[PDB]
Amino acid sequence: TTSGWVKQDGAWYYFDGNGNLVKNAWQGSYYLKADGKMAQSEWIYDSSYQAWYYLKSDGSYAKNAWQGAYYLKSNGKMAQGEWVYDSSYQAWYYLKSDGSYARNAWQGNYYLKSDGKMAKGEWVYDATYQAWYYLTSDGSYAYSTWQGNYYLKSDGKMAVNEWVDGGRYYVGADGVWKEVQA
């Protein structure tokens, strides 16, 4: 009898302790498919974990990693319809329900930049609205409030050439409240 990992007819198989092929199951970091062949460079849906996994070229599952537009979490599970923090890039991302990362787009009160990174404590220009927005320290857009000498209106858009904040302050066309006091 045989136990452990065995390569046969071009594929890797895993023999369990009773010398039998493991099929439709994990063995360590590796997944054995319906015919017993080790998954490699491919996506697998595990019905028991209710999640997609990506097996890399060496057979081991991807974790804390991108595969194309898709993110595998620390437990290997593909992210779906959720926020994740990638500690290696020090960046938040939003993975849509289809799995692919959001980019150049709002998600709730948050904005994902062109490479998917959530904006945070920074100004962004929304090409579709043709207006500046300010994302606060937690990512959520500022509204009905000042950021420095600029005012974000109730929909978050930067004010220009108008009276703002209870009609008390005038911002010029450049958006700046020009401070001239006695």
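For every residue, the number given is its place in the sequence shown, counted from 1.
In this entry, the higher average B-factor at the C-alpha atoms falls on 42-50, of the pair 114-122 and 42-50. Remark: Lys96 belongs to the highest third of its chain, ranked by C-alpha B-factor as recorded.
Placement of the Cα temperature factor of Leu152 within the chain: lowest third of the modelled residues, per the deposited record. Annotation for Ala62: C-alpha temperature factor in the middle third relative to the rest of the modelled chain, per the entry. In this PDB entry, the Cα temperature factor of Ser140 sits in the middle third of its chain's modelled residues.
In the deposited entry, the Cα temperature factor of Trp106 places it in the lowest third of its chain's modelled residues.
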